[PDB]
Structures are given as structure tokens and as C-alpha cells.
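Same chain, two versions here, written out as C-alpha cells and called structure 1 and structure 2.
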Structure 1
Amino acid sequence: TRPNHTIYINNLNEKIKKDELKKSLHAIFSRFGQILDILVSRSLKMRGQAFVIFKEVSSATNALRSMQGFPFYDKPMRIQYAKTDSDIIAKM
């Protein structure tokens, strides 16, 4: 897929509560660059997933390459660039 500011992440342990997953995710990714926001929803269609929006595309790349299959809550993280831009980035 085409590199993007946001990285789509799935195959995350579904049992983890929303705020906690969101905090861990931030910690693990901060090192790659500033993070404008992190979307996480536990709804039927969105659970097990999360988009992490980076201020700089380059950051999304390193993070993607660096954390592919990383052990997170006992499940290897699957990461890809987001198909389209997230509002925040588009409306900018």
C-alpha cells in the first residue's frame, strides 16, 4: 500500500480496554515522531484495530518497518499504511 501519515494497525488483543490500549500504543510509537492522535474503537467493526496519525509521513514509515509483528498484549501487531488520509490530515 501507499505510504501515508496514518498507519492502520490490527490483530490487537481485543480484551484490552480502550483507554489503556490507547496509552500503551502511544508509548510504543512516540519514539518515531510526534503523534497528532490515535483512533481506537471497540465497536464490532472497529475492535482489534487502531489508526495512529503521525505529524510526519517519514515517521509512519520507520514505525511501520520497526514495529511489524511486535509483541503487544500477547499478539503480534500487524501494521500497514492507511488506505486513505484521516480527516485531520485531509482537512489540513
Structure 2
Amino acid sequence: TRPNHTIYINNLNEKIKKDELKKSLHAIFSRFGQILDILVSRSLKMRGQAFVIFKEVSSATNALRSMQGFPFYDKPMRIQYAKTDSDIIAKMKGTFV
């Protein structure tokens, strides 16, 4: 997929409450640049994805080369770029990715 300032992570641990999950993404991705918003899925039963929205695409691609496969809560993140404005739709629809 072509670059985009939002990265789309899945294989996130589903069982983890979501404020904590957002904050733990922040813990590990603030290093790469200003985050406008962290957007996690909901919930618990369906799988786990989240969009982290960087403000500059170079930071997003930085997250992606670096944190690929990193074991977040003992589950290696499968990380790619978000597709054509997937994040703004996922925030609509209600419920939460």
C-alpha cells in the first residue's frame, strides 16, 4: 500500500481494556512524532486492530519500519499503512475502529 500518515495495526491482544491499550500504544509510538489520535477497536470478542494517526507520514513510516513485528503484550504487531481514509470511517460507524 502507498504511504499514509496513519498506520493500521492488528494482532493486538483482544482481552485488554481499551483506554490502557490506547495509552500503551502512546507509550511506544510517541517516540516517532506527534500523535493526533489513537483509535482502537471495540471489542474484546472480535479481533484487535487500531489506527494510530501521526501528523506527518514520515513518522508513520518510521513506526512501521521500526515497530514491525514487535511483541506488544507478547503478540507481534502486524503493522501496515492505513488505506484510503480507512481511519475516519472506522471512527464513524460507532464502535470504534
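All residue numbers here follow the sequence of structure 1, with the first residue given the number 1. Just so we're on the same page, rigid core means the largest C-alpha set that superposes within 1.5 Å between forms. Shifts are known only where both forms have a C-alpha.
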Is there a C-alpha shift of 2 Å or more at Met46 between the two structures once the rigid core is superposed?
-> yes
Report, in Å with one decimal, the C-alpha displacement of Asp85 between the two structures after core superposition.
-> 2.7
Angstrom displacement of the CA atom of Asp74 between the two structures, core fixed = 1.1
Where does the chain move between the two structures, taking runs of at least 3 residues whose CA atoms all shift 2 Å or more after fitting the core?
-> 43-47, 85-92
